[PDB]
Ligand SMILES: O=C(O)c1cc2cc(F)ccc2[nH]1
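Just one chain follows, in the form deposited without this ligand, and it is written as structure tokens.
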């Protein structure tokens, strides 16, 4: 039984995220996408909206499921019988930040972290920049799943 948790805000999920989901699900028996609820910074979409968008985008991934996440990530992972985190990286600076989190998580709970490199096409894509561009009328449709873009237009009106 191999498996990993894929944590993030996914506010909203982008094609960069989806590519990582697919690639994780291709190699692990089970993937759990954890949608992290931050009571301090409530973004654009509610946690349930985010989960709904990820489920529509990952309909063809039967070994991937989506749940809301709260509290300490390594607790979330271990309570579900798993011992691994998986995440995508775009830049060296991403790696620096995530290496520090990864080493902390392994230190405090023995949970390991696996990274994959971004697909070239999505190296500049992020939820925050996509939202910003869309807010000022820019076309981010090629960067988001179809379901997401429609929902995004709805929020902006």
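Take the two forms, superpose them, and find the largest set of C-alpha atoms that agree within 1.5 Å; that set is the rigid core. Positions refer to the first chain, counted from 1.
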Between 24-32 and 94-102, greater root mean square CA displacement in 9 other deposited structures of this protein relative to the shown form, after rigid core superposition, belongs to 94-102
Quick one: with the core lined up, is it 85-93 or 66-74 that wanders further in 9 other deposited structures of this protein, going by C-alpha RMS?
85-93
Can you tell me whether residue 50 lacks a model in a third or more of the other compared entries?
no
Given the other compared entries that model the residues flanking it, would you say residue 131 is unmodelled in at least one third?
no
State which stretch shows the higher mean Cα B factor in the entry: 24-32 or 38-46.
38-46
Mean temperature factor over C-alpha atoms, higher-scoring stretch between 89-97 and 61-69:
89-97
Comparing against every modelled residue in the chain, figure out the third that the C-alpha B-factor of residue 6 lands in (lowest, middle or highest).
lowest
In terms of its chain's C-alpha B-factors, the third that includes residue 132 is the highest
Which third of the chain holds residue 16 when residues are ordered by C-alpha B factor: lowest, middle or highest?
lowest
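This protein has a second form, the form deposited with this ligand bound, left out of what is shown; the following refers to that one.
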Between 111, 44, 64, 34, only one gets a heavy atom within 4.5 angstroms of this ligand in the deposited complex; which residue is that?
34
Spell out, yes or no, whether the shortest heavy atom distance between residue 73 and this ligand in the deposited complex is within 4.5 Å.
yes
With the cut-off set at 4.5 Å between non-hydrogen atoms, does residue 27 touch this ligand in the deposited complex?
no
Contact of residue 7 with this ligand in the deposited complex (heavy atom, 4.5 Å)
yes
